[PDB]
Amino acid sequence: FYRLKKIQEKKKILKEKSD
Amino acid sequence: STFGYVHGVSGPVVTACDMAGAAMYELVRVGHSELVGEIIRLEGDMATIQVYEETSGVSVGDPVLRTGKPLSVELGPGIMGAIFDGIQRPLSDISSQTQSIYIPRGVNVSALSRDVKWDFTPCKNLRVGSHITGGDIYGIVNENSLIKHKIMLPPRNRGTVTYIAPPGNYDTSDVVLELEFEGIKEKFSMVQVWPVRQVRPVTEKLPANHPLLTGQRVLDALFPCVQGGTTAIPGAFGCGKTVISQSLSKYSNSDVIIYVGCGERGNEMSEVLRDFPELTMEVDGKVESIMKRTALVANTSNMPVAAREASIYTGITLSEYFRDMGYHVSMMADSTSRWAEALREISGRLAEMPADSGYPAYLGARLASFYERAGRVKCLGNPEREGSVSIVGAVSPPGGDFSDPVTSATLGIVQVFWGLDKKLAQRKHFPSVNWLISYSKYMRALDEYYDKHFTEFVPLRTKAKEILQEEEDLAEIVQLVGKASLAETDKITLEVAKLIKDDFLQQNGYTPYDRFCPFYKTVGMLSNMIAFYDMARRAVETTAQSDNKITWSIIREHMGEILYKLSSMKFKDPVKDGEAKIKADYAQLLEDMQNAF
Amino acid sequence: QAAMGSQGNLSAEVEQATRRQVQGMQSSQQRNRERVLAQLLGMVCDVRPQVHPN
Amino acid sequence: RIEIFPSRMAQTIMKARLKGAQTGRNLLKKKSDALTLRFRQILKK
Amino acid sequence: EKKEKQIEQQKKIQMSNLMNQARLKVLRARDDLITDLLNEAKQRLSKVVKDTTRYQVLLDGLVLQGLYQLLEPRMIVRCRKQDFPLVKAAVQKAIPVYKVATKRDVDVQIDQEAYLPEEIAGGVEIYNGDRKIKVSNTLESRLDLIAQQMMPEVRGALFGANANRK
Amino acid sequence: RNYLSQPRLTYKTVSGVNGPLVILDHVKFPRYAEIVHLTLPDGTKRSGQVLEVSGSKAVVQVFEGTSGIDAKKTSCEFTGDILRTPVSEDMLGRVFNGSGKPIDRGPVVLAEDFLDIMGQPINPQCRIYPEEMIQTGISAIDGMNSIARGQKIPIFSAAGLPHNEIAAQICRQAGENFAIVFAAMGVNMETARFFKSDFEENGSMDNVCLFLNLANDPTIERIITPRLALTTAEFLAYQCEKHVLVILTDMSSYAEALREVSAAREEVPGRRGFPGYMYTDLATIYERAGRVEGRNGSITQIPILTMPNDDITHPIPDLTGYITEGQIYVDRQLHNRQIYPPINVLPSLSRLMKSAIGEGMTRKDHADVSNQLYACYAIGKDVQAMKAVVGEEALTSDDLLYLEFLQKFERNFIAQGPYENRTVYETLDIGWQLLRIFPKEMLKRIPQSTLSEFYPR
Amino acid sequence: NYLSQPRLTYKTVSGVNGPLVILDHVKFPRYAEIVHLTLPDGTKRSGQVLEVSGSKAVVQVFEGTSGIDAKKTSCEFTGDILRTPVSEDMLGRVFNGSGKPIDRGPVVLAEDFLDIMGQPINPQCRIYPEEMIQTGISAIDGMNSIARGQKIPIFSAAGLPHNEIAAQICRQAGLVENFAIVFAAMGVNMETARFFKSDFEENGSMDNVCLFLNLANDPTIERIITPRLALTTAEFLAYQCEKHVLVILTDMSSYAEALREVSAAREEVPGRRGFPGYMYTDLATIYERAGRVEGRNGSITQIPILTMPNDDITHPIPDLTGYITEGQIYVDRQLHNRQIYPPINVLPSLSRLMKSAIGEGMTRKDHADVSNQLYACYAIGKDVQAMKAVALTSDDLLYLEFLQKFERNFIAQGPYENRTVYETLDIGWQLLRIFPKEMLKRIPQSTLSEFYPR
Ligand SMILES: Nc1ncnc2c1ncn2[C@@H]1O[C@H](COP(=O)(O)OP(=O)(O)O)[C@@H](O)[C@H]1O
Ligand SMILES: [Mg+2]
């Protein structure tokens, strides 16, 4: 639950870097 | 650029912008008080810096000046007997300077004293104009009465001697040697600077053949360690992982001792420096304290967590430097599980993905790059000396569970493993080394030494490990189906193995007779208790059915005086040396005659 | 007598088997040294600048 | 005292080991109780 | 049996180390036939540097190869001190060739503040405008590209081919 | 003399509130651990540390919770320094709340010095080792697990067990120069009243610095409660040279207030949800102990932690077992038999037992009889494990005495009663009587040179 | 088919973390390239390319990122895949982790350049392993004998002597005369490197061994490209030089552990216990390069040693290995505590190619039935031994006489004894002699008749 939530935050930071 | 600017702080790590020409693992100094830090990651224009002191009050507008050098120690005289922190600042100078009881968190105290003067003497046919290479001795400095700090050249450079200093007293900043190369005549001194993350170059590694006499009975007999070997001491809290480490630093057969406190207690390093200067040992008929040969790297739990990375790498760099003199260095890492918790806390700030149980994925590469720096090895340089480094690294698993990513990554590297037990500390069975799960892989390499000095001990431990092996399978029997239905060849096994567990394996480290036992005393009382089991084997085996034979209650009520000689054999204090071998055969002669009686 | 047999094996292979192998490839190198030299120097002179997916 | 490695499929194995040992006692309890009842009335006889 | 078993084992170790250095001497004597071959080839590139009617048709393409592979709006050619008038005629020949293939225009100035050292045989080192990306097309680097890809050929056509193949 | 006189800025530019973290914006040079003073739109005053900064942002965390914090109207008011507690010698007799404020209608303290609550680590070169043995009177603590003045040692207990009833006992009868600082983190109303009205009895209130923080108080205030309790005690000792006894209630309940704030930060869970740095943040509040060279003062810690589900392998007794200098275990089976200090001596060891005993300190047979009284205890405990299996009649004459000692050991060597203290000489003269129901030659831990005197009596 | 365009050289790194270096502004980068990082100190480090994206490319250096700047380093792009120089002369020498020599020797003269990833075989034209390799170990050849070309690991645990039974199947490697061992050492200590380097010169066998070594001193990224580069020389000697090879990769668990560090630094979504999801395929491309082709005369067999963490066969490293290979050899801990060498547990160890490498034509008629029956009395003997500690039948003591005689006399054979298969079945039949004729159920009467009375 820590490794999957780390990717859920890193999929958002990579998203807002595109936006 | 020549410095940086802080961009964001979060615990130990520091993000610093305007930092372009800075390599990985540089040494920068962040803040107005200049906290010493190391770069661990950089992304474009910014760098991410772990800080070896407590970041508090560090603002964004603080300057970060860089030095262009990795984290490095200062190797030279003035290093034995002192006590350092993780980044090698002396804790005795730091309290005689500021006169406080705290470390002021910004002080650049020199690692070696540039004021005390040592009597130098050259290396006796080191001529001017002679050829010299990297790593040979060009002078001797007697730091104490016990230790001759052999001054060496750095391994990088070499040349031809143009000037050597005459024998006398010098500072640690005086020029002692000047060497001509193709381009530039280069100056030198008595100190040298070496990066702690880089392994010291050396000629060629050698196999390890001589054992490390630790003085414990269970350690020297069943699971022996050699000088040049790696050892791990796991076990839960209150088991005694440091009283074996403090017994190693007091009574080993090693030339120097380096004790590394990594996340340890503050009172346990004050325990060391108090009782060491009254423990005098002999080398050549002269007695002097063990603080002449002990150098403490002290980094307690109160001190910051990024410095726990540095105190392991510093203490192995001093251990590698004293290896190059030829001394048989030992090192007590204590404890590496608090070093692995420093890797977890640092990687938690960098948003690293974790491995099993929190730790980063490179945990097996940091422990392997530290434990493999041990081993006896012919050093660099012309005087042709052979040194050693023996690493004994304590491991503190949480809850006493050896299925842990620190321990399970350790046991793939270490050859010896002294598995301490928590049940063996409730019952006061000290040392608490669990003889079943513990092992050593030095045995096939050590019997060649045994076929030269102690030529009867290899068949002894083969039966001594066997009697402890058969006791464990029969212990589960008597706790389920009772001891009444047991055989007579097994009831003798249950007594001598219980006779081993209080004589041989138990050892009161605070009494004058068992605080350090030599190896003849250890092989002495084992050559009798195994011969007792071998003689009481014949009392049941040969006369098995016919005669109304020995049912061993015959033995236990009649041979109680000889068993009292066995149960009190461990009481031979070191005032008798040759008498102990006579009493070993005398108590055997009481054991010899009673099979006829 | 094994030590003179073992040193007799030293003076039977390091001076003929090592030496004729260096000399035996020295002669084959010399007969073919110039053919691959024009092959190499003919390849340092071939320049053809192609530029790929645009 | 811990026996084997956790965290998959040893739980179902140990639940099979427990269930056999749970009624294994109760089967042996009825054996020891019927033996005692055979022992109690043979005392009065 | 400790007197005869060691002297046959130490005979085996002595036979093992002698057989190994019999292999390591002939393999190191295989390098000096290859290393001087690359040294004798490095001599004969400098003779190609001498005759200008062969050296400038070489430097016509050797600058052209750098311009095509780099594909920058602004490039910078760096060369030796002596070849500065030679590559200047070579680059101006190469300008309306680059505009034929690649449609992109280009600019290719030749710098004055920096020159290649004298130990280089010849060739150029063409950079971009940002001084980051570099195409090293010198003759000490063009030879080592062809020397590695021809290592199967300069073994079989210079020593005996192996008797155990496909 | 040395101070800062620049006026403080007042930002109305909060940007992000998710859980207890208030992300500010357009901050100009924020330091790492500044206290900020939130001013809520309904006039409420909240305080908070800065958790981490990055560029222009500054992520503070509020102490009193985040409920009610707006985005437009709230005015976070910075302060350019670290958290400095107001500390004085007249904080001795007053009851303080969680953060820093008085409870019993008193005034704010005048505070001749301001100290950093994070403290500074003591130089281990000038940190002298505790040798002076303190007297507690409880025979399980005084005689069998002797603690020295300066030693850190917890009390391992669970819920329902009377840890707080015997911790006030050693707070009562420990031994004109003895001060006590008390920290209550996560106590009930009763326990905070039981501790308040116990020091109202013995007249010890003239040397008690009770820090109460009840269960209704905010959960981030439990972080800075044992910080202020120690830097107070690092001022009554180390700067005024008097012997302070720090007692931290519910060190378990401090750690759930450490787990909760770290799950809000979303960082690196260790064992059982507790954070990765949970060894360090239990060490910066445990290693403030011991004596130093140039001071006559001392500070000794007796923390109390309730191990969950009676497990010593839970991370709360585990990580404190590695950093303290011993432990004291309170047993639940002995509490069910109405044994008074319901302590069992087998997993309760004191590390400084080897130094505090001797001919110079206390009665040379004391250090050696405790090696033997563990042996008769540990062997006899396996006898009751054997008595459950085979039967009460299959025991031999050896292991009938191991049950005979073990029944007499619990009720005679322990259970002093809640108001009786007995000295170490009374402990040994009631402890040697338990070894005299044993015969000779089975006391194998005792040498014959010492056994010859005390056995005939 | 050679490339000749001059290689570009980028001085434009823009990020470095762990083993990765992230580049910008790259013009047409290529996947799985090889680069040459030139440090500001003049050091040269190489590296693959893990992911391209537009003008970016994240390389993984082999020798660690320690010292790499952000402005002064230069990274030169070789325009091809990592192709090793392979030769017949790569036999009798010692190489490091990636490709460099150790014993003061030369670089190899590159008879051909081969891809380290290999190229996939046609499964139609791959002949089946039939000829049996005699290992000399009674625990192998008696129970779970290995065929030539069969891939079969040795499942060890940390501390167990798996290296002494690795060198045991070197000296006693033979059929029932050009057996070129290719060795790959990953994550081994120096004292385990001396046990392998100075045990091939002891028997004089160093004229055909190609010992690779990647010590714990050497960096961890080189462990990735060790079994791909140790097999492609073994793939050269066995399919292109018609020589029977035997490759013994060592410590596969460490090879995985180096795969976890790169996977965690790439921030990929992970699998079971931190390992990447593609570890099944990553352990398949270095395991399935075995067997023998039908067009040639050579062969390549694989014995990859791996330690399981905490003696767990359900760990992902022995789990995915048992799904790619053809059965395991489970050297056990409890047999090592009873002082057995080799301490091989014959219950979970298995060979899927023992059924077609034994019989009347290959070895002898009674190999098929004595291996099932010795397995039968061992498996039935174990659960009745567990009930023994906590009687009831006079035949149950017969099964525990089997357990006392099996571990001491059959599998235990010492460090230098090489039992042939003709000697192995005779000791196996003597263990069945303590059982009656009727209790051997899984032996038919046609084979039980002439072999049981002797
Ligand atoms: N061989 C021994 N001799 C004397 N005391 C011992 C011995 N072994 C263990 N002990 C005792 O056990 C306890 C363990 O001390 P310590 O090493 O600090 O625990 P830990 O290993 O968790 O750090 C101490 O009270 C120590 O005196
Ligand atoms: Mg310890």
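Residue numbers in this text run from 1 along the chain shown.
Here the Cβ of each residue, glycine as well, is placed from N, Cα and C on the backbone.
Straight from Swiss-Prot, the features:
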{"type": "BINDING", "residues": "B:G235, B:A236, B:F237, B:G238, B:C239, B:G240, B:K241, B:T242", "note": "ATP binding site"}
{"type": "MOD_RES", "residues": "B:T121", "note": "phosphothreonine"}
{"type": "MOD_RES", "residues": "B:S369", "note": "phosphoserine"}
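Among the recorded positions B:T121, B:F237, B:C239, the ones whose Cβ sits under 6 Å from an atom of ligand 1 are, in sequence order, B:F237, B:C239.
Within 10 Å of the C-beta atom of B:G240 (ATP binding site) sit 19 other C-beta atoms, taking all shown protein chains into account. Listed in sequence order, B:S396 are the same-chain residues six or more apart from B:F237 (ATP binding site) with CB atoms under 8 A from its CB. For the recorded positions B:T121, B:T242, counting C-beta atoms within 10 A of each C-beta gives the highest total at B:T242. Other Cβ atoms within 10 Å of the Cβ of B:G238 (ATP binding site) number 19 in total over all chains. Neighbours of the ATP site: apart from B:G235, B:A236, B:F237, B:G238, B:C239, B:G240, B:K241, B:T242, residues of the same chain with C-beta atoms within 8 angstroms of the site's C-beta centroid are B:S396, B:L420, B:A425, B:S432. The separation of B:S369 (phosphoserine) from B:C239 (ATP binding site), Cα to Cα, is 28 Å. Each of the binding-site residues B:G235, B:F237, B:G238, B:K241, B:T242 was checked for a CB under 8 angstroms from a CB of chain F; the ones meeting this are B:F237, B:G238. Contacting chain G by the Cβ rule (under 8 Å between Cβ atoms), the recorded positions B:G238, B:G240, B:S369 reduce to B:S369. With a cut-off of 6 Å between Cβ and the nearest atom of ligand 2, the recorded positions B:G235, B:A236, B:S369 reduce to an empty set. Distance between Cα atoms for the residue listed as 'phosphothreonine' and B:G238 (ATP binding site): 49 Å, as a whole number. When Cβ atoms from all protein chains are considered, those within 10 Å of B:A236 (ATP binding site) total 23, not counting its own. A gap of 24 Å separates the Cα atoms of B:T242 (ATP binding site) and B:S369 (phosphoserine).
Less than 8 angstroms from the CB of B:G235 (ATP binding site) sit B:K241, B:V395, B:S396, B:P397, B:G400, B:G419, B:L420, B:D421, B:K422, B:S432, each of them six or more residues away in the same chain. Just so you know, the Cβ of B:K241 (ATP binding site) picks up 23 other Cβ atoms within 10 Å once every protein chain is counted.
Secondary structure at B:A236 (ATP binding site), taken from DSSP and collapsed to helix, strand or coil, is coil. Annotation: B:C239 carries the greatest number of neighbouring Cβ atoms among the recorded positions B:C239, B:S369 [cut-off 10 Å, Cβ to Cβ].
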